[PDB]
S.K.: 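Quick one: this structure, given as structure tokens, is what I'll be asking you about.
We use all heavy atoms of the structure for the numbers below, so side chains are in, but hydrogens, waters and symmetry mates are not. Lettering follows sequence order; numbering is per chain, from 1.
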Amino acid sequence: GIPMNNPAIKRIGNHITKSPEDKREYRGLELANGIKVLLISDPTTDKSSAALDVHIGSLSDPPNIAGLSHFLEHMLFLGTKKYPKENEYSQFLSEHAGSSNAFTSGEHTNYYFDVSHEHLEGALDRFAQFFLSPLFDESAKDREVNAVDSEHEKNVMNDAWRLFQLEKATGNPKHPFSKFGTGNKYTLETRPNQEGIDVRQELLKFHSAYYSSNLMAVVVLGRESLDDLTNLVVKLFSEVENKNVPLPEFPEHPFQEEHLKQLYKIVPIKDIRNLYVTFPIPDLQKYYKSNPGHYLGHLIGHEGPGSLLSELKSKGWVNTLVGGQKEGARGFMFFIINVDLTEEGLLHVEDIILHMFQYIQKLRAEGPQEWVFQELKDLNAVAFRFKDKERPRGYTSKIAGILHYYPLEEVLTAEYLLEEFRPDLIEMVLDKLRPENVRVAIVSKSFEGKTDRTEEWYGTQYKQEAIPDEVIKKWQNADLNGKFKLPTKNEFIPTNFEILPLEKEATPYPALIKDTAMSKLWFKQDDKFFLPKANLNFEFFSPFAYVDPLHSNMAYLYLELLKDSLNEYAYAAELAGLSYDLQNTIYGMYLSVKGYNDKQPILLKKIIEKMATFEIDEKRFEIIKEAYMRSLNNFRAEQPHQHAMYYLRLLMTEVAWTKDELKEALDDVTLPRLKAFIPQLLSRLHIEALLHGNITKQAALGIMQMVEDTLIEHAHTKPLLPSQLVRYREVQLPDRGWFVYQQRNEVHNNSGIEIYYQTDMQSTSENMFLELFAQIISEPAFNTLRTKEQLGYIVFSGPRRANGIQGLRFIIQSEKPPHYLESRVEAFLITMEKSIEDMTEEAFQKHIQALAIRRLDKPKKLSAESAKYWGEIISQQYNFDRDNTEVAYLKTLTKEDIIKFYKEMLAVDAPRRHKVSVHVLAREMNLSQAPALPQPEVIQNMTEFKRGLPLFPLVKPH
Amino acid sequence: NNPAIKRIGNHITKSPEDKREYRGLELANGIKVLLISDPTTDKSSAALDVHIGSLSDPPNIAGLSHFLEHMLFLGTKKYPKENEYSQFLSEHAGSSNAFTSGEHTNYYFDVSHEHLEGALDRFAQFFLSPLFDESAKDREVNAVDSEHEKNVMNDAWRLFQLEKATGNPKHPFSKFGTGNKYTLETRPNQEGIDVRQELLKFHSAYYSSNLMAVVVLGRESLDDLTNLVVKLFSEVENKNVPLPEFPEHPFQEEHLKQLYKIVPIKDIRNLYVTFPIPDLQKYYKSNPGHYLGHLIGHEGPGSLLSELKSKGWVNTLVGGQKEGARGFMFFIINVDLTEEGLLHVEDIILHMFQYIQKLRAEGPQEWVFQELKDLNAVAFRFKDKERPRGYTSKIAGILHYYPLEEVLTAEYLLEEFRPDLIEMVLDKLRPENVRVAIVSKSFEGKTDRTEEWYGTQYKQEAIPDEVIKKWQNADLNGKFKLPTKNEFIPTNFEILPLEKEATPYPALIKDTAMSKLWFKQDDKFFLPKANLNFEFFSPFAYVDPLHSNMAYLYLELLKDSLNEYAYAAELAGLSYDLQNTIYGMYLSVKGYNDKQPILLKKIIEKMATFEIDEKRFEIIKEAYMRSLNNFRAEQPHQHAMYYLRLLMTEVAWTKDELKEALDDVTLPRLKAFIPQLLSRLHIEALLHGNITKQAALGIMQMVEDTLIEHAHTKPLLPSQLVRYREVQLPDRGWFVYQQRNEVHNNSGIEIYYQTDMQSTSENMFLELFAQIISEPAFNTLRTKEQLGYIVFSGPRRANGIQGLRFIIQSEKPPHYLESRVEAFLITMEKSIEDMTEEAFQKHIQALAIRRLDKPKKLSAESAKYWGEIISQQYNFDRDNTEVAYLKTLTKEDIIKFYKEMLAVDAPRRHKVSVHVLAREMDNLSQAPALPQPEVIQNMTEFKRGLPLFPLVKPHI
Ligand SMILES: O=C(C[C@@H](Cc1ccc2cccnc2c1)n1cc(CNC(=O)c2ccc(F)c(F)c2)nn1)NO
Ligand SMILES: O=C(C[C@@H](Cc1ccc2cccnc2c1)n1cc(CNC(=O)c2ccc(F)c(F)c2)nn1)NO
Ligand SMILES: [Zn+2]
Ligand SMILES: [Zn+2]
């Protein structure tokens, strides 16, 4: 018997291919209006999510209003005909454990949210109206244009944004690739008013022309059955109208013949040295089952023995290299080889590029390698079989984007599984990588003064020249270079995926399975995810890692040099799903090893061994010290609000060496001094570790003792004493005091501010007071301070936690001066007092449930669980059951409890107000009533400030 | 003229730099008297010396004259209020003490200068009509017993008495002088002796005016002083007592050529060589014994010590004449021993007799004696002005030995060379007269004798005549040579004129990233001396126990290295001290300014280019090891104060931590350590004395330059110059930390009531309260309840915080002591409310005199300033401002402060207690009920659970 067509559904897909470890259920379908849909049923999930991706972006901006797609994307959050309250959507999510975001690329506008699983339909309904009846309210439009402006101002002095638009500006000016996608106040308000454009109409016109159901893909993830998810999506999206808009295509490359063989010289904001080599290529998107571009990126970008980078690095010319295909749009793509440049490298760019074309020539000479393709296919297959389970919010968003590019039944696999070996396509692409098609850009402060052009949106200073034909000919004549050998088989490829059975003595949280002078070992056998992976986390404590700027510098360089020398060896492991991280900390060193457990012990032993028997190469020492010197200086160019947060940490921590102190001490770091420092640092240690995943208790102990034994044999390590295991305490602010610390950001023309209302040590009581209060003001502060007052793009509120202490913080980056932002934050706090008093007991209990859902949201993947435990461990609070305990307590809080808290600790008149503010001034630097504020005490000297105040205790361990 | 004065001495010879006025006189009753007029002194003083002591104890009552000395403090026929003397002194900014030696009992006090007569009157009655109250007698016997108890396990007292016990048992020299409850009560009771009768008998028989000397210092004219001393003291009855003599020496020939092996308490290795010698006191004008001690005890090139040290056998040596009594003396050569030295005692002594033999061969050297004469002369001329209390007590002791006109000079000014006397004494220093004692734990379990009074385990044996003979045949040893002419003798005594912009207080005259230089030209004392004070701050001096050990060993090794060179300087009045601190290094050079720059450059120069001698490094490391272990044998109240300091300070390494880290100090590790330590520094200095501002900058510059040139020093960052904070105790908290002393069978306790950060008001609340409870605390906890010999109350200052503290060492449990102190605090609460307004004002005045007392010598002023500098408070005018504020305090202010900070129910009471249990450890005013104490098990946890105070703000 033939079935019964639902008329709202053009078709239902066949089985969506998924990993056999993936327990979510899936159904694809196409609505009658052409919307492509993936439904994801996951009855376990605590949060539900949905995303919609429209296949229109800023490449289809009207030529006379740069940034319109982007601006429209902001305006859709601000109210619809069915839900006309400007913040209904944001407010609804915030009160039901939810959040949302959206972004505009060249061909896509992508909207997404998550929310408590009980409130999917309510969230989805408010969401759907975005695509049916936006208000584009005239007042809202006049305000939100500032957020977009503020967003662009954030980027103006950022080198990656400048370089991104400079590339767009050096191609064909008549090509949509050359448009400026962000927009700003000039392009979205100023000029349109000069020109008599009515921007609200332009918004309605763009929404109506391009927000067509036939360019739309939606993904919905919830607890509901696939059948119920289907009815829900049909109900809500069937009415999007189908205007059968053709999908924009860009078959002509933005780089035509007069844009090839060009050389660009560019002045950075930071002191950086980069070389960017670009070739235009055809659109490879449709070859996704062979991926010729990624084959060549894998080789040209390889970092192992025989590689291009390996030789460029041996020559002292480059330290990092990125190679492979770069996205463009439907119709064109790029192929890049970007490196950073040592001082010598900047003088040998021509040779660097010759070496690139010699490596490319080696690939031509050998021809395509099925075995290489086979490794890529095998590693991808394994990565997909054992893929970590994603957070729903990011997952709906990602999948909505790629429903445009693949058949329903392959949306999950298309980007992972390779199927076809295509030596023809590999040769096709390789043939485009030739000197006659190359574009070259050099970024260096050394061009400062010698430029004669100005990119118009960012101000970038640059010069353009034709590459001399004799240079082109010398590159065309690259003969083979014996240093370049293809990679050999990857012996880090894992093969043992067995999941060890759960030991009888296994525990729901990490157990302390070893407690000695040398080492404290926390262990948990994974009992949730059952993927063949493990995480190994080691905190090494030494007093000599941070005792003085000089030692801090030496701890940094030791680990940078170590990673630098392990890099060729560890790259094979990286490719094979096994990675590691090694940083210095204010207490010693941090070492993390993650991925397939199979060959982890081999890599870990290689790392510890190399630590304990370090052999510094002087050439690397000089190069890496020079790069570190630049890195310290380049901090001057970070965002104002980043500066604000950095200064706060300095002020409120017992010991903290500043960038300038570090920088001044760096000149006295000599190779001999560093050689002496390493054994001193390794001579005494404490090791605290978390080992968590597909490993037994015996393996964990063996792993821990192997790290121990290696340090003992080669570095003669002995334990530290317990009295040496100290931690930095937080400055304890005086009741109702208010300190202000002011600095200037000499690069960005915005200001930044962080405001910290210190409350008390962490404890069940105090944590949940602060967290519940932060939940209640979260949406209001964003809606007041950004959406309505438009103080800036970056507006943030929430708990601050450090050294066992806590408080409430606001962070804002703005065009206005810090003193103004203070009064506006104080004005906002006052209003919240009445708001909480007047809140019904039902509303109060609603915010409690929001917070409870967020705090009890179980982690989806092993790494998320490890990070939770690791936080409990390095905080030395060891409170692994914290969520149940604190939520249980939260559920007993009353709004009276919260109002007492606010009036004791936060209100402007509170007896126990502890306020410190960092004001970062810009480089050049009705409404509700702001309260009157005391005269602030101005910190001129951090050392005196700390010397003059008490220091908090540390929290008691659990 | 006047019947009460037998004679008035002539001009008392003094130093031309001494502005005090002097008059001597003998009273008709035979009391020798020196009077001292100093119209500037803030405190006046008197002292009385009775030429009777322990040697004259009744043979059946050991310690009577010592016990008598205590009993004199406890009331007289004219002032029968038991604590009248102490109370009068305390309420008038005074203090007092007394000691009993073998032939002297010496009593002294000081007091506010406006109250000399009232103090002296009460004083005089000690020697007219003591009560010897029976009740008081039965209490105070415990203070004496407790005094003996603290000594029992002290190695210096055990050996002191063991020498006496190995001489002639029939000789007074063998008497047990301290006494204890057994000899002063238990045995006299079982033998039927009335101790009170015996005290009265002893006092009547020997406290005779003919044996007394009296010294009085005050602002009054010499005439008024003469009238006051006549009034109070001519009353003393003269019984014409013969001065006891001891002509026969306690060591006869059966006590010679003897060898003693002694087991110590601490881990120490010592060799004591003793010779009997005739009494040399009458030869004091030529001083043969001191001439010989100067040479035998010399530490410079060619000396006896120098060769013993380079053979790796000995580290320190002491030589010269040792007092005994009228009739007998000793000559000693004492060394400590290395592990090798312990195995070579025979040869160590041979080397001794070789050096003695060379002195015989060369014969006496007048140029040596002439050098001593001339140095002593300079030392006397520029002698620092003494504090009254110590000066009167010193003089009263020597008035018995020298004529009045020469009493100030007799101990300094040598007369003519007497080589015959030197050859006579030297003739006694022969193997056939020697006594040898070795102290080493290696004799543990190898001894067969027990000294009665202290329990010391030892063995005695005769030195074999084959060994005597080898020593008698000691050849001359080329390694021994007389000292060379002292090149450090000062010769420029010019007092530089006060620059026109000199300061009353030190001035910050240099302030760079590397140096803070505080300078003041001396404007009070005008002696040709200077004090030079340097703090070298470095984070690596104390970052961990290994680095603290290495800072210590570095400075010990450096001093060990400099010693031969610096001994000449020390002999010429030019000395230095160099010691590691928790922030870095401290260097002090003091003395005659003439040659100072030579010594200072040498020191800074050896610091920056030091080359460790491996044999020294091993020897000093082993000694440091023993030093850390030997802390176990310190006294309970010392252990108490050490634990408290550990508990209340941010960072502090314990002896076990230092001792364990020590095995990891290798010679290579130490060599790498020093350049690291020196690589970055900050120098804060006080230069104070006979120097100009330009000279000061020059000295600072030479220091900086020497470090920069040789150690490449560079400045520290301001943010690295951090100082440790004090643990901040919670309101209404009570913490207790308990430890055992494994060696002493007493217990100790420190009780700390932390109040608040230092500040004018909090400082003077605490100091006024201290001043008000000082005497009542001593009288209640010692005199009346007799909790023990050591009882102390007062302020505690550390790291800018302060509080009130009680220290007691007792036989009673630490918790019993707690309740008795708590009881005492309650009774003090009543006393303070009952106190009259005139009493309260007396206490304000007493504290004001104490605080405003001006320094008498450069070093004392220097130290006042240095305290402002290292404490980073820089409050050079503190005393005036703080006393000004003190005077406005009211009795109700102090009551409010007590009930807020100190009372058992105070809301801001902050109490921590250290309880040190004795080795074998497990009516009266009512003690309050006490909270349950929080018991500290782990200092780290304890400190990682409390806040830390701020640091105090500098003044400017
Ligand atoms: O720039 C972009 C990203 C934009 C997208 C956007 C644009 C306009 C909006 C207007 C009102 C609400 N959301 C909006 C979001 N974006 C994302 C965020 C992050 N959200 C918060 O921090 C936040 C926190 C707590 C809240 F209660 C809350 F409502 C927000 N901020 N801006 N795309 O081009
Ligand atoms: O032992 C010794 C030394 C003895 C001498 C001695 C013996 C018995 C005494 C009885 C009552 C009063 N003084 C006495 C003194 N001594 C010295 C000290 C030090 N004085 C204080 O600490 C103190 C502090 C504040 C006061 F108000 C106060 F009165 C005393 N304690 N004992 N000689 O043999
Ligand atoms: Zn945006
Ligand atoms: Zn005594």
Side-chain angles (χ1 to χ4, degrees), chain A residues 517 542-544 546-551 650 654-658 660-662 664-665 667-668 670 672-673 675-677 679-680 683-684 716 718-727 729-732 734 761 804-805 876 941-957, chain B residues 513 538-540 542-547 646 650-654 656-658 660-661 663-664 666 668-669 672-673 675-676 679-680 712 714-728 730 757 800-801 872 938-954:
Chain A
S542 163
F544 290 82
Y546 207 62
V547 58
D548 71 344
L550 179 79
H551 278 58
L650 294 189
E654 195 169 358
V655 182
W657 311 121
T658 74
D660 285 334
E661 309 187 297
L662 292 175
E664 266 149 26
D667 291 288
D668 304 289
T670 73
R673 186 73 200 79
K675 274 194 249 194
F677 160 88
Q680 168 65 43
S683 69
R684 246 126 220 290
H716 312 293
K718 318 209 155 192
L720 296 155
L721 309 157
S723 45
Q724 302 184 267
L725 303 177
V726 316
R727 290 311 223 265
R729 317 151 155 257
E730 181 152 299
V731 167
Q732 159 159 41
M761 286 207 277
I805 310 309
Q876 278 186 343
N941 182 322
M942 280 187 192
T943 310
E944 291 171 357
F945 165 77
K946 295 179 192 174
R947 275 189 70 267
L949 293 168
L951 286 171
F952 270 102
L954 305 158
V955 162
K956 284 71 62 183
Chain B
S538 157
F540 287 78
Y542 203 64
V543 56
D544 65 346
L546 180 85
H547 275 57
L646 293 180
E650 211 180 324
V651 183
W653 317 116
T654 78
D656 308 307
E657 302 172 337
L658 298 168
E660 162 167 341
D663 311 271
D664 311 313
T666 63
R669 184 61 184 94
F673 164 81
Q676 171 58 32
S679 81
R680 298 221 203 158
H712 317 281
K714 300 182 280 225
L716 288 172
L717 295 159
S719 57
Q720 313 182 248
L721 302 174
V722 287
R723 278 176 167 77
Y724 297 121
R725 307 148 171 263
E726 166 152 336
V727 174
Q728 163 161 16
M757 186 184 296
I801 311 304
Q872 309 274 308
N938 188 294
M939 289 186 173
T940 295
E941 284 175 11
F942 166 69
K943 296 191 233 166
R944 182 196 265 222
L946 297 165
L948 289 174
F949 273 99
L951 306 164
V952 169
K953 189 180 179 66

S.K.: Heavy-atom distance under 4.5 Å to chain A: side chain of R944(B), backbone, both or neither?
M.R.: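 Both backbone and side chain.
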
S.K.: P679(A): what forms a side-chain contact (heavy atoms from CB on, under 4.5 Å) with it, not counting sequence neighbours?
M.R.: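 By the side-chain contact (heavy atoms from CB on, under 4.5 Å) rule, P679(A) matches no residue at all.
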
S.K.: If I measure from the heavy atoms of chain A, does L946(B) come under 4.5 Å with its side chain, its backbone, both, or neither?
M.R.: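 Only the backbone of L946(B) comes within 4.5 Å of chain A.
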
S.K.: Heavy-atom distances under 4.5 Å only: say whether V727(B) touches chain A with side chain, backbone, both or neither.
M.R.: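 Answer is neither: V727(B) stays 4.5 Å or more from chain A.
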
S.K.: Non-hydrogen atoms of chain A under 4.5 Å away: do they reach the side chain of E650(B), the backbone, both or neither?
M.R.: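 For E650(B), the side chain is the part near chain A, not the backbone.
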
S.K.: Any idea which of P718(B), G945(B), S679(B), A661(B) has the most non-hydrogen atom pairs under 4.5 angstrom with chain A?
M.R.: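 Between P718(B), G945(B), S679(B), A661(B), the count favours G945(B).
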
S.K.: Contact part of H547(B) toward chain A, heavy-atom cut-off under 4.5 Å: side chain, backbone, both or neither?
M.R.: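 Only the side chain of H547(B) comes within 4.5 Å of chain A.
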
S.K.: For the interface with chain B, which of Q724(A), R684(A), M942(A) has the highest count of heavy-atom pairs at distances below 4.5 Å?
M.R.: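 When all of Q724(A), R684(A), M942(A) are compared, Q724(A) has the most.
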
S.K.: Taking all non-hydrogen atoms of both residues into account, name the closest pair between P947(B) and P953(A) and its distance.
M.R.: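 That closest heavy-atom pairing would be N-CG, 3.7 Å.
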
S.K.: In Å, rounded to the nearest 0.5 Å, how long is the span from CG of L646(B) to OG of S723(A)?
M.R.: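 OG of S723(A) is found 10.0 Å from CG of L646(B).
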
S.K.: Drop me the distance from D668(A)'s CG to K714(B)'s NZ, to the nearest 0.5 angstrom.
M.R.: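 Here the rounded value is 3.5 Å.
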
S.K.: If the condition is ring pair (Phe, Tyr, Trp, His ring centres under 6.0 Å), which residues does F952(A) pass it with, not counting sequence neighbours?
M.R.: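 In terms of ring pair (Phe, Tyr, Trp, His ring centres under 6.0 Å), with neighbours along the sequence ignored, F952(A) is linked to no residue.
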
S.K.: At a heavy-atom distance under 4.5 Å, which candidate from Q728(B), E657(B), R723(B) has the highest pair count against chain A?
M.R.: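 Among the listed options, the one with the most contacts to chain A is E657(B).
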
S.K.: Given the options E660(B), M757(B), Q676(B), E941(B), which has more heavy-atom pairs under 4.5 Å with chain A than any of the others?
M.R.: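 Top count of heavy-atom pairs under 4.5 Å with chain A: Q676(B).
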
S.K.: By a 4.5 Å heavy-atom criterion (distance strictly below it), what part of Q876(A) contacts chain B: side chain, backbone, both, or neither?
M.R.: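 When you check distances to chain B, only side chain atoms of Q876(A) fall under 4.5 Å.
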
